[PDB]
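Colleague: Shown below is the structure under consideration.
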Amino acid sequence: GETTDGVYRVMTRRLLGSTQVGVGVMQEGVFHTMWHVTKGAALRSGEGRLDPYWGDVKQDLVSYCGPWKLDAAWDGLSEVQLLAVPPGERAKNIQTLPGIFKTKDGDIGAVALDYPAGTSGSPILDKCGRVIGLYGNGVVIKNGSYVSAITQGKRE
Amino acid sequence: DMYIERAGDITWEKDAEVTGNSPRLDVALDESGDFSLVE
Ligand SMILES: CN(C)C(=O)COc1cccc(F)c1
């Protein structure tokens, strides 16, 4: 199937019509998305099959065809871009300064942008166009607005 | 049965729309991968 690097929609025919359940990144021949988008199921790309290779429910991440390849990190100071891919709509870049999620195990960047659930897996990028994490695992705060963690894996 | 469809290139775009605030939140991450606000 299509193995060109880039951002892809993840679709299903199991619900009414064709429904976008999420988004992912193809890089170095590996497909990267959030675990909650696919639940670890195999994926189709044209006539080709992509099998899961690594995944972790707690990190909420999964890679297909090979190990997780994305290793850039938010520098903690600069603005980033969410490359949002909403259901039925064109890919669009949104620039923002991340906030922070503070946890007992360390701090993580967070992006306060509101998109539908099927946008999960959309990439967050630095100024070199490197993917510093995926959007779509987060919380709802004291006003109803969505705040996503900048979720990044580990490149072994 | 899930399938993927290309949506674009991964590139930083000059003159992208600029928005969103930068909140600092105390959160907890459970074994199921769910985040919750700590107050
Ligand atoms: C009221 N709003 C804007 C939201 O809470 C949207 O929820 C979301 C957004 C993205 C991914 C996801 F998994 C869920």
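Ordering of the structure tokens sets the chain letters (A, B, ...); residue numbers start at 1 within each chain; ligands are numbered from 1 in the order shown.
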Skipping near chain neighbours, those fewer than 4 positions away, what residues fall within 12 Å of residue 141 of chain A using only C-alpha atoms, listed as a ChimeraX atom specification?

Modeller: /A:101,112,114,145-148 /B:23-27,35-39

Colleague: Please extract the residues at most 8 Å from ligand 1, counting only C-alpha atoms and all ligand atoms, and provide them as a VMD selection string, using the chain letters and residue numbers of this document.

Modeller: chain A and resid 113 to 120 135 to 140 144 to 148

Colleague: Kindly save the residues from that selection, with N, CA and C atoms included, as a PDB file, in the first residue's frame.

Modeller:
ATOM      1  N   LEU A 113      -6.134  22.952  22.578  1.00  0.00           N
ATOM      2  CA  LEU A 113      -6.842  23.142  21.332  1.00  0.00           C
ATOM      3  C   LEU A 113      -7.985  22.134  21.297  1.00  0.00           C
ATOM      4  N   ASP A 114      -9.166  22.593  20.853  1.00  0.00           N
ATOM      5  CA  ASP A 114     -10.415  21.846  20.816  1.00  0.00           C
ATOM      6  C   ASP A 114     -10.741  21.238  19.443  1.00  0.00           C
ATOM      7  N   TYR A 115     -10.591  19.912  19.288  1.00  0.00           N
ATOM      8  CA  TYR A 115     -10.945  19.254  18.027  1.00  0.00           C
ATOM      9  C   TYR A 115     -11.791  17.985  18.301  1.00  0.00           C
ATOM     10  N   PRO A 116     -12.542  17.460  17.305  1.00  0.00           N
ATOM     11  CA  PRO A 116     -13.337  16.244  17.557  1.00  0.00           C
ATOM     12  C   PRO A 116     -12.458  15.037  17.924  1.00  0.00           C
ATOM     13  N   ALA A 117     -13.038  14.029  18.604  1.00  0.00           N
ATOM     14  CA  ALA A 117     -12.312  12.819  19.001  1.00  0.00           C
ATOM     15  C   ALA A 117     -11.558  12.099  17.854  1.00  0.00           C
ATOM     16  N   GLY A 118     -12.115  12.152  16.636  1.00  0.00           N
ATOM     17  CA  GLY A 118     -11.505  11.511  15.473  1.00  0.00           C
ATOM     18  C   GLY A 118     -10.251  12.211  14.965  1.00  0.00           C
ATOM     19  N   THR A 119      -9.850  13.317  15.629  1.00  0.00           N
ATOM     20  CA  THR A 119      -8.612  14.031  15.333  1.00  0.00           C
ATOM     21  C   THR A 119      -7.421  13.414  16.140  1.00  0.00           C
ATOM     22  N   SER A 120      -7.709  12.492  17.069  1.00  0.00           N
ATOM     23  CA  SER A 120      -6.656  11.876  17.896  1.00  0.00           C
ATOM     24  C   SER A 120      -5.589  11.221  17.047  1.00  0.00           C
ATOM     25  N   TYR A 135      -1.396  14.323  19.411  1.00  0.00           N
ATOM     26  CA  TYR A 135      -2.473  14.977  20.108  1.00  0.00           C
ATOM     27  C   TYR A 135      -3.611  14.025  20.295  1.00  0.00           C
ATOM     28  N   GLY A 136      -4.296  14.059  21.428  1.00  0.00           N
ATOM     29  CA  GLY A 136      -5.506  13.269  21.578  1.00  0.00           C
ATOM     30  C   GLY A 136      -5.684  12.466  22.838  1.00  0.00           C
ATOM     31  N   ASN A 137      -4.741  12.586  23.802  1.00  0.00           N
ATOM     32  CA  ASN A 137      -4.905  11.985  25.136  1.00  0.00           C
ATOM     33  C   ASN A 137      -4.712  13.109  26.150  1.00  0.00           C
ATOM     34  N   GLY A 138      -5.785  13.454  26.837  1.00  0.00           N
ATOM     35  CA  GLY A 138      -5.755  14.595  27.744  1.00  0.00           C
ATOM     36  C   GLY A 138      -6.903  14.689  28.709  1.00  0.00           C
ATOM     37  N   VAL A 139      -7.256  15.944  29.075  1.00  0.00           N
ATOM     38  CA  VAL A 139      -8.271  16.168  30.070  1.00  0.00           C
ATOM     39  C   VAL A 139      -9.207  17.329  29.683  1.00  0.00           C
ATOM     40  N   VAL A 140     -10.326  17.443  30.415  1.00  0.00           N
ATOM     41  CA  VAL A 140     -11.299  18.532  30.257  1.00  0.00           C
ATOM     42  C   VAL A 140     -11.187  19.346  31.542  1.00  0.00           C
ATOM     43  N   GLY A 144     -14.814  23.377  30.391  1.00  0.00           N
ATOM     44  CA  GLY A 144     -15.226  22.519  29.286  1.00  0.00           C
ATOM     45  C   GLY A 144     -14.235  22.443  28.138  1.00  0.00           C
ATOM     46  N   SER A 145     -13.125  23.210  28.215  1.00  0.00           N
ATOM     47  CA  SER A 145     -12.135  23.201  27.140  1.00  0.00           C
ATOM     48  C   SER A 145     -11.233  21.974  27.271  1.00  0.00           C
ATOM     49  N   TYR A 146     -10.787  21.455  26.132  1.00  0.00           N
ATOM     50  CA  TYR A 146      -9.920  20.269  26.060  1.00  0.00           C
ATOM     51  C   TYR A 146      -8.436  20.633  26.119  1.00  0.00           C
ATOM     52  N   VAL A 147      -7.636  19.868  26.896  1.00  0.00           N
ATOM     53  CA  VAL A 147      -6.209  20.095  26.925  1.00  0.00           C
ATOM     54  C   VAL A 147      -5.558  18.730  26.682  1.00  0.00           C
ATOM     55  N   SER A 148      -4.801  18.641  25.605  1.00  0.00           N
ATOM     56  CA  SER A 148      -4.147  17.347  25.279  1.00  0.00           C
ATOM     57  C   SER A 148      -2.707  17.320  25.765  1.00  0.00           C
TER      58      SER A 148
END

Colleague: Please build the interface table for chain A against chain B with a cut-off of 8 Å, listing for each qualifying residue the nearest atom pair and the distance in Å to one decimal; count only C-alpha atoms, order rows by chain and increasing number, and write it as JSON lines.

Modeller:
{"residue": "A:2", "atom": "CA", "partner": "B:6", "partner_atom": "CA", "distance": 8.0}
{"residue": "A:5", "atom": "CA", "partner": "B:9", "partner_atom": "CA", "distance": 7.4}
{"residue": "A:6", "atom": "CA", "partner": "B:9", "partner_atom": "CA", "distance": 4.6}
{"residue": "A:7", "atom": "CA", "partner": "B:8", "partner_atom": "CA", "distance": 5.3}
{"residue": "A:8", "atom": "CA", "partner": "B:6", "partner_atom": "CA", "distance": 4.3}
{"residue": "A:9", "atom": "CA", "partner": "B:5", "partner_atom": "CA", "distance": 5.2}
{"residue": "A:10", "atom": "CA", "partner": "B:4", "partner_atom": "CA", "distance": 4.6}
{"residue": "A:11", "atom": "CA", "partner": "B:3", "partner_atom": "CA", "distance": 5.2}
{"residue": "A:12", "atom": "CA", "partner": "B:2", "partner_atom": "CA", "distance": 4.6}
{"residue": "A:13", "atom": "CA", "partner": "B:1", "partner_atom": "CA", "distance": 6.4}
{"residue": "A:14", "atom": "CA", "partner": "B:1", "partner_atom": "CA", "distance": 6.7}
{"residue": "A:38", "atom": "CA", "partner": "B:2", "partner_atom": "CA", "distance": 7.8}
{"residue": "A:41", "atom": "CA", "partner": "B:2", "partner_atom": "CA", "distance": 7.8}
{"residue": "A:42", "atom": "CA", "partner": "B:2", "partner_atom": "CA", "distance": 7.3}
{"residue": "A:43", "atom": "CA", "partner": "B:2", "partner_atom": "CA", "distance": 5.1}
{"residue": "A:44", "atom": "CA", "partner": "B:3", "partner_atom": "CA", "distance": 4.3}
{"residue": "A:45", "atom": "CA", "partner": "B:4", "partner_atom": "CA", "distance": 5.5}
{"residue": "A:46", "atom": "CA", "partner": "B:3", "partner_atom": "CA", "distance": 7.7}
{"residue": "A:57", "atom": "CA", "partner": "B:33", "partner_atom": "CA", "distance": 5.7}
{"residue": "A:58", "atom": "CA", "partner": "B:33", "partner_atom": "CA", "distance": 3.8}
{"residue": "A:59", "atom": "CA", "partner": "B:33", "partner_atom": "CA", "distance": 6.0}
{"residue": "A:60", "atom": "CA", "partner": "B:33", "partner_atom": "CA", "distance": 5.8}
{"residue": "A:81", "atom": "CA", "partner": "B:12", "partner_atom": "CA", "distance": 6.9}
{"residue": "A:83", "atom": "CA", "partner": "B:10", "partner_atom": "CA", "distance": 7.5}
{"residue": "A:85", "atom": "CA", "partner": "B:7", "partner_atom": "CA", "distance": 7.3}
{"residue": "A:90", "atom": "CA", "partner": "B:7", "partner_atom": "CA", "distance": 7.4}
{"residue": "A:91", "atom": "CA", "partner": "B:7", "partner_atom": "CA", "distance": 6.3}
{"residue": "A:93", "atom": "CA", "partner": "B:16", "partner_atom": "CA", "distance": 5.7}
{"residue": "A:94", "atom": "CA", "partner": "B:17", "partner_atom": "CA", "distance": 5.4}
{"residue": "A:95", "atom": "CA", "partner": "B:18", "partner_atom": "CA", "distance": 4.5}
{"residue": "A:96", "atom": "CA", "partner": "B:19", "partner_atom": "CA", "distance": 5.4}
{"residue": "A:97", "atom": "CA", "partner": "B:22", "partner_atom": "CA", "distance": 5.9}
{"residue": "A:98", "atom": "CA", "partner": "B:22", "partner_atom": "CA", "distance": 5.0}
{"residue": "A:99", "atom": "CA", "partner": "B:22", "partner_atom": "CA", "distance": 3.6}
{"residue": "A:100", "atom": "CA", "partner": "B:24", "partner_atom": "CA", "distance": 4.7}
{"residue": "A:101", "atom": "CA", "partner": "B:25", "partner_atom": "CA", "distance": 5.1}
{"residue": "A:102", "atom": "CA", "partner": "B:26", "partner_atom": "CA", "distance": 4.7}
{"residue": "A:103", "atom": "CA", "partner": "B:27", "partner_atom": "CA", "distance": 5.4}
{"residue": "A:104", "atom": "CA", "partner": "B:28", "partner_atom": "CA", "distance": 7.4}
{"residue": "A:110", "atom": "CA", "partner": "B:22", "partner_atom": "CA", "distance": 7.6}
{"residue": "A:111", "atom": "CA", "partner": "B:22", "partner_atom": "CA", "distance": 7.1}
{"residue": "A:112", "atom": "CA", "partner": "B:20", "partner_atom": "CA", "distance": 5.4}
{"residue": "A:113", "atom": "CA", "partner": "B:20", "partner_atom": "CA", "distance": 5.8}
{"residue": "A:125", "atom": "CA", "partner": "B:12", "partner_atom": "CA", "distance": 6.9}
{"residue": "A:126", "atom": "CA", "partner": "B:12", "partner_atom": "CA", "distance": 7.3}
{"residue": "A:127", "atom": "CA", "partner": "B:12", "partner_atom": "CA", "distance": 6.0}
{"residue": "A:128", "atom": "CA", "partner": "B:12", "partner_atom": "CA", "distance": 7.0}
{"residue": "A:129", "atom": "CA", "partner": "B:11", "partner_atom": "CA", "distance": 4.8}
{"residue": "A:130", "atom": "CA", "partner": "B:10", "partner_atom": "CA", "distance": 8.0}
{"residue": "A:137", "atom": "CA", "partner": "B:34", "partner_atom": "CA", "distance": 7.5}
{"residue": "A:138", "atom": "CA", "partner": "B:35", "partner_atom": "CA", "distance": 5.8}
{"residue": "A:139", "atom": "CA", "partner": "B:35", "partner_atom": "CA", "distance": 6.1}
{"residue": "A:141", "atom": "CA", "partner": "B:37", "partner_atom": "CA", "distance": 7.6}

Colleague: Go ahead and write the residues just picked, N, CA and C atoms, as a short mmCIF file (atom, residue, chain, number, x, y, z; two decimals), in the first residue's frame.

Modeller:
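In the end it all went to out17.cif:
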data_model
loop_
_atom_site.label_atom_id
_atom_site.label_comp_id
_atom_site.auth_asym_id
_atom_site.auth_seq_id
_atom_site.Cartn_x
_atom_site.Cartn_y
_atom_site.Cartn_z
N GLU A 2 0.24 2.40 0.45
CA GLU A 2 0.96 3.66 0.49
C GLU A 2 1.90 3.73 1.68
N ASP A 5 5.97 8.86 3.50
CA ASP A 5 5.97 9.60 4.74
C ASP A 5 4.83 10.64 4.68
N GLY A 6 4.26 10.94 5.82
CA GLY A 6 3.21 11.95 5.94
C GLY A 6 2.19 11.65 7.02
N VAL A 7 1.13 12.47 7.05
CA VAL A 7 0.04 12.32 8.01
C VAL A 7 -1.15 11.63 7.32
N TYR A 8 -1.80 10.65 8.02
CA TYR A 8 -2.87 9.85 7.43
C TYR A 8 -4.07 9.81 8.33
N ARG A 9 -5.26 9.71 7.74
CA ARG A 9 -6.48 9.48 8.49
C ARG A 9 -6.57 7.97 8.74
N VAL A 10 -7.17 7.57 9.85
CA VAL A 10 -7.45 6.16 10.17
C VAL A 10 -8.97 6.04 10.13
N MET A 11 -9.46 5.21 9.23
CA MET A 11 -10.89 5.07 8.97
C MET A 11 -11.43 3.71 9.30
N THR A 12 -12.74 3.61 9.59
CA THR A 12 -13.38 2.31 9.77
C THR A 12 -14.68 2.27 8.97
N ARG A 13 -15.06 1.08 8.51
CA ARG A 13 -16.36 0.85 7.86
C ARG A 13 -17.33 0.11 8.82
N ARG A 14 -16.94 -0.14 10.09
CA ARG A 14 -17.74 -0.86 11.09
C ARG A 14 -18.95 -0.07 11.59
N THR A 38 -6.87 2.63 17.45
CA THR A 38 -6.99 1.32 16.79
C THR A 38 -7.25 0.15 17.71
N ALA A 41 -5.56 -3.09 16.64
CA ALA A 41 -6.00 -3.92 15.49
C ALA A 41 -5.07 -3.72 14.28
N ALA A 42 -5.04 -4.70 13.35
CA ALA A 42 -4.30 -4.54 12.09
C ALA A 42 -4.98 -3.48 11.22
N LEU A 43 -4.22 -2.88 10.31
CA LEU A 43 -4.70 -1.82 9.44
C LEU A 43 -4.48 -2.19 7.98
N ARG A 44 -5.30 -1.65 7.12
CA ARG A 44 -5.18 -1.83 5.69
C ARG A 44 -4.64 -0.53 5.06
N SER A 45 -3.77 -0.65 4.05
CA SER A 45 -3.29 0.47 3.24
C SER A 45 -3.43 -0.01 1.80
N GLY A 46 -4.54 0.33 1.14
CA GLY A 46 -4.81 -0.20 -0.21
C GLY A 46 -5.00 -1.70 -0.12
N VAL A 57 -0.72 0.58 26.43
CA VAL A 57 -1.99 1.27 26.77
C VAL A 57 -1.74 2.48 27.68
N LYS A 58 -0.77 2.36 28.61
CA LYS A 58 -0.57 3.49 29.57
C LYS A 58 0.00 4.74 28.90
N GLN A 59 0.96 4.52 27.96
CA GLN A 59 1.47 5.64 27.17
C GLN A 59 0.41 6.05 26.13
N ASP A 60 -0.55 5.16 25.81
CA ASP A 60 -1.57 5.36 24.77
C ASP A 60 -0.90 5.53 23.40
N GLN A 81 3.37 23.59 16.32
CA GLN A 81 2.20 23.52 15.50
C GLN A 81 1.51 22.18 15.65
N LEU A 83 -0.69 19.80 13.57
CA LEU A 83 -1.09 19.54 12.21
C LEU A 83 -2.40 18.75 12.35
N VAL A 85 -5.94 17.08 11.69
CA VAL A 85 -6.63 16.40 10.58
C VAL A 85 -8.04 16.02 11.03
N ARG A 90 -9.92 19.30 5.61
CA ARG A 90 -8.51 19.35 5.18
C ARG A 90 -7.55 19.47 6.35
N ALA A 91 -6.33 18.88 6.22
CA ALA A 91 -5.24 19.05 7.21
C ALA A 91 -4.94 20.56 7.35
N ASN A 93 -2.59 23.51 9.78
CA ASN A 93 -1.61 23.81 10.81
C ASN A 93 -2.11 24.89 11.77
N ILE A 94 -1.99 24.63 13.08
CA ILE A 94 -2.36 25.57 14.12
C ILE A 94 -1.17 25.81 15.04
N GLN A 95 -0.71 27.05 15.15
CA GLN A 95 0.43 27.40 15.98
C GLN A 95 -0.01 27.77 17.40
N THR A 96 0.74 27.32 18.43
CA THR A 96 0.34 27.55 19.79
C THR A 96 1.54 27.45 20.72
N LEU A 97 1.46 28.09 21.93
CA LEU A 97 2.50 27.90 22.91
C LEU A 97 1.96 26.88 23.91
N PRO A 98 2.66 25.71 24.06
CA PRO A 98 2.12 24.70 24.97
C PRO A 98 2.11 25.18 26.40
N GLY A 99 1.18 24.61 27.15
CA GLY A 99 1.13 24.66 28.61
C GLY A 99 1.85 23.42 29.13
N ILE A 100 1.65 23.08 30.39
CA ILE A 100 2.36 21.96 31.03
C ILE A 100 1.42 21.07 31.79
N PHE A 101 1.62 19.76 31.69
CA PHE A 101 0.98 18.82 32.62
C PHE A 101 2.09 18.51 33.63
N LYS A 102 1.84 18.73 34.95
CA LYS A 102 2.78 18.40 36.01
C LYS A 102 2.31 17.10 36.64
N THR A 103 3.15 16.07 36.67
CA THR A 103 2.76 14.79 37.27
C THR A 103 3.79 14.41 38.36
N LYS A 104 3.50 13.33 39.11
CA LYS A 104 4.43 12.83 40.12
C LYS A 104 5.72 12.26 39.49
N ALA A 110 1.67 20.37 26.98
CA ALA A 110 0.26 20.12 26.73
C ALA A 110 -0.26 21.19 25.77
N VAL A 111 -1.20 20.85 24.91
CA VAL A 111 -1.73 21.79 23.93
C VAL A 111 -3.23 22.00 24.15
N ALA A 112 -3.63 23.30 24.35
CA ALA A 112 -5.02 23.58 24.66
C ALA A 112 -5.78 23.96 23.39
N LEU A 113 -6.13 22.95 22.58
CA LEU A 113 -6.84 23.14 21.33
C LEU A 113 -7.99 22.13 21.30
N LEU A 125 4.30 19.43 15.91
CA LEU A 125 5.60 19.63 15.27
C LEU A 125 6.41 20.79 15.84
N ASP A 126 7.74 20.65 15.79
CA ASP A 126 8.64 21.78 16.08
C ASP A 126 8.95 22.57 14.78
N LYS A 127 9.79 23.64 14.91
CA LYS A 127 10.12 24.51 13.78
C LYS A 127 10.93 23.85 12.67
N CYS A 128 11.52 22.67 12.94
CA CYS A 128 12.21 21.88 11.91
C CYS A 128 11.26 20.87 11.22
N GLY A 129 9.97 20.89 11.56
CA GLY A 129 8.98 19.95 11.06
C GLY A 129 9.10 18.57 11.68
N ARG A 130 9.82 18.44 12.81
CA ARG A 130 9.96 17.12 13.47
C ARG A 130 8.75 16.88 14.36
N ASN A 137 -4.74 12.59 23.80
CA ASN A 137 -4.91 11.99 25.14
C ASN A 137 -4.71 13.11 26.15
N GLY A 138 -5.78 13.45 26.84
CA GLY A 138 -5.76 14.59 27.74
C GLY A 138 -6.90 14.69 28.71
N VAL A 139 -7.26 15.94 29.08
CA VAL A 139 -8.27 16.17 30.07
C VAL A 139 -9.21 17.33 29.68
N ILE A 141 -10.91 20.66 31.43
CA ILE A 141 -10.69 21.49 32.62
C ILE A 141 -11.98 22.27 33.06
#

Colleague: State, in Å with one decimal place, the distance from atom CA of residue 23 of chain A to atom CA of residue 124 of chain A.

Modeller: 11.9 Å

Colleague: Closest to residue 70 of chain A among A:133, A:121, A:52, A:22, using only C-alpha atoms?

Modeller: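 When distances to residue 70 of chain A are compared using only C-alpha atoms, the smallest one comes from A:133.
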
Colleague: Find the distance between atom CA of residue 31 of chain A and atom CA of residue 87 of chain A and write it in Å to one decimal.

Modeller: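 About the pair atom CA of residue 31 of chain A and atom CA of residue 87 of chain A: they are 18.9 Å apart.
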
Colleague: If you count only C-alpha atoms, which residues fall within 7 Å of residue 32 of chain A, apart from same-chain ones fewer than 2 positions away, as a PyMOL selection string?

Modeller: chain A and resi 24-26+30+62-64+68
